[PDB]
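Here Cβ is always computed from backbone atoms with ideal geometry, including for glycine, and neighbour counts include all displayed protein chains. The values are calculated or read from the model by the stated rules, or taken from the named source; none is laboratory data.
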Amino acid sequence: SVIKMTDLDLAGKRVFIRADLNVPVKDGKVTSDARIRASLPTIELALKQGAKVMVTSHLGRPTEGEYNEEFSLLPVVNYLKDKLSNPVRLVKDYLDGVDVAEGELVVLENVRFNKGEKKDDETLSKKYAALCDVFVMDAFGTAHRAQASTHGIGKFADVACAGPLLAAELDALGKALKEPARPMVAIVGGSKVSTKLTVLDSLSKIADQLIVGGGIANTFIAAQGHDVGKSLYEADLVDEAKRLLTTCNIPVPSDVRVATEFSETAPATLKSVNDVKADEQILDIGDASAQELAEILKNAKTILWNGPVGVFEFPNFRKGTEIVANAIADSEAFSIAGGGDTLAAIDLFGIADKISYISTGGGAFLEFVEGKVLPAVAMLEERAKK
Ligand SMILES: [Ca+2]
Ligand SMILES: [Ca+2]
Ligand SMILES: [Ca+2]
């Protein structure tokens, strides 16, 4: 349980919002505004109440203490100026006090310029907190990392709370992972089971069925006793795949699509998993498997989706992920999706409006699903615990 920004009266109060405004920038201009558009209702909620609003973010790859116009939040400020009637201005020196009026927006320069940021420095965190009455954490995508503007500030701020974006994220994750509606189906696709083993373990305890995809599925196929040829798999994780297979309901591709080489030119051949040649690499599941997964996902009441079931980057190996993506979309289930690869699939098949909740949390999304403690959330849970 966390305190919510939306439950507070911010009239004439100094509000420090940590947002994710790490947008792609080209020639001093924003090229993708998705993150700002998501953040805007949080900023405006505070502004409309006549609050003294400060918003800040990380951007790009700066070195602490080393300023760089390349990683300045100026392009974000300009965007905000065009999209807001309220006066907007960038402030570069603020660690020792900032002048903020009611109804105006101050953008505090890239926090990653500040020494002690990555290390969650106490002195820096205290300086952040002294700037505000209320600290608002609204960047779930950084909540998994203990940093001065994401974690430490919440230790010393008079009030520490969650913004609308963070709160909606926690609600969605809760709905899917805590007493789900039942036929909770999870999909874990990826190139390596090693990198997603904790994800697999955590979900295997929750899901009624756990669907494996991509290179993860390959290792599971090898675990079933099928030779995978030159397919991407991990021999040192066959035992983990075998362990999960024999103890959990985990669908494994019965048929598969193979290639001769790893290219966008390479042709696709549909074969059973019993007949993979030593020089054939699996790059997508077959038709029979895809239709099987589609049926399972149709009957689900809750779906968690993370990763592809094939190399959808190649048209010849896109069919499998298309069927799965559309099955989740057309399903009456509450569907949550997360992961860079997953979102690219969502955009590719044009089903964003069909998924109940789309997480942009990336690494933070995966770490929450793992059952790992996210520092920013833990902080907010602690402050909210009186
Ligand atoms: Ca304006
Ligand atoms: Ca506007
Ligand atoms: Ca092993």
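Can you work out which of the residues in segment 64-92 that are touching a helix residue (DSSP H, G or I) at 6+ places or on another chain (Cβ under 9 Å) and β-branched (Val, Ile, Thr) is farthest from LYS52 (Cα to Cα)?
If we take residues in segment 64-92 being touching a helix residue (DSSP H, G or I) at 6+ places or on another chain (Cβ under 9 Å) and β-branched (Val, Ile, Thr), then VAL76 is farthest from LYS52 (Cα to Cα).
Which numbered condition in (1) within 19 Å of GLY190 (Cβ to Cβ); (2) surrounded by fewer than 23 Cβ atoms within 10 Å (Cβ to Cβ); (3) aliphatic (A, V, I, L, M) is the only one that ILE328 fails?
With respect to (1) within 19 Å of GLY190 (Cβ to Cβ); (2) surrounded by fewer than 23 Cβ atoms within 10 Å (Cβ to Cβ); (3) aliphatic (A, V, I, L, M), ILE328 is out only on (2).
Go through (1) in contact (Cβ under 8 Å) with a residue 60 or more places away in the chain; (2) surrounded by 15 or more Cβ atoms within 10 Å (Cβ to Cβ); (3) among the small types (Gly, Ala, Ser) for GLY12 and report which single condition fails.
The single condition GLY12 does not satisfy is (2).
So which residues in segment 15-33 are touching a residue at least 24 places away in the same chain (Cβ under 8 Å), more than 19 Å from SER359 (Cβ to Cβ) and away from ligand 2 (no atom under 16 Å from the Cβ), if there are any at all?
Across segment 15-33, the qualifying residues are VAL15, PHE16, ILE17, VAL25, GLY28, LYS29.
Got a sec? Which of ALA157, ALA168 is aliphatic (A, V, I, L, M), assigned by CATH to the domain that holds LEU380 and at negative phi?
Exactly one residue qualifies, and that residue is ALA157.
Name the residue, out of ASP33, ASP20, that is under 19 Å from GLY361 (Cα atoms), of a type in the set (D, E, K, R), surrounded by 19 or more Cβ atoms within 10 Å (Cβ to Cβ) and away from ligand 3 (no atom under 16 Å from the Cβ).
Just a single option satisfies the conditions, and that option is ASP20.
Scan segment 262-299 for residues that are of a type outside the set (A, V, I, L, M, F, W, C) and either free of Cβ contacts under 8 Å to residues at least 12 places away in the same chain or closer than 27 Å to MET184 by Cα (or both) and report the count.
The number of residues fulfilling the criteria is 11.
Within segment 347-386, how many residues are under 21 Å from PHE334 (Cα atoms) and of a type outside the set (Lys, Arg)?
Qualifying residue count for the region: 23.
On the basis of being within 28 Å of the chain's Cα centre (by Cα) and surrounded by 23 or more Cβ atoms within 10 Å (Cβ to Cβ), does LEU237 make the cut?
For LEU237, the condition - within 28 Å of the chain's Cα centre (by Cα) and surrounded by 23 or more Cβ atoms within 10 Å (Cβ to Cβ) - is not met.
Filter segment 347-357 for residues that are in contact with a strand residue (DSSP E or B) (Cβ under 8 Å, 6 or more places away or on another chain), surrounded by fewer than 19 Cβ atoms within 10 Å (Cβ to Cβ) and not hydroxyl-bearing (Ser, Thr, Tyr); which is nearest to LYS298 (Cα to Cα)? Show your work before the answer.
Looking only at segment 347-357, we keep the residues that are in contact with a strand residue (DSSP E or B) (Cβ under 8 Å, 6 or more places away or on another chain), and these are 352, 354-357.
So of that shortlist, the ones also surrounded by fewer than 19 Cβ atoms within 10 Å (Cβ to Cβ) come out as 352, 354, 356-357.
Checking which are not hydroxyl-bearing (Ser, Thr, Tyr) leaves us with 352, 354.
Details: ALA352: 17, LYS354: 13 Å.
Looking at the filtered set, the residue picked out is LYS354.
It is to be established whether one or more residues within segment 66-78 are in contact with a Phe, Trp or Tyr (Cβ under 7 Å, 6 or more places away or on another chain), touching a residue at least 12 places away in the same chain (Cβ under 8 Å) and away from ligand 3 (no atom under 16 Å from the Cβ).
yes
For segment 79-110, enumerate the residues that are under 30 Å from the mean Cα position of the chain (by Cα), closer than 13 Å to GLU44 by Cα and in contact (Cβ under 8 Å) with a residue 24 or more places away in the chain.
Hits for segment 79-110 are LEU80, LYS83, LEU84, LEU105, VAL106.
Only one of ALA51, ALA38 is in the same structural domain as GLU122 (by CATH), in contact with a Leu (Cβ under 9 Å, 6 or more places away or on another chain), buried (at least 22 other Cβ atoms within 10 Å of the Cβ) and small (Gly, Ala, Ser); which?
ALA51
State whether the residues of segment 287-299 include one that is more than 16 Å from ligand 1 (Cβ to nearest atom) and assigned to a loop (DSSP other than H, G, I, E, B).
no
For segment 34-48, how many residues are within 16 Å of ligand 2 (Cβ to nearest atom) and within 15 Å of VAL107 (Cβ to Cβ)? Don't jump to the end; show me each part of the working.
Here is the first cut: in segment 34-48, the residues within 16 Å of ligand 2 (Cβ to nearest atom) are 36-48.
From what is left, the residues that are within 15 Å of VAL107 (Cβ to Cβ) are 36, 39-40, 42-44, 46-47.
Number of matching residues: 8.
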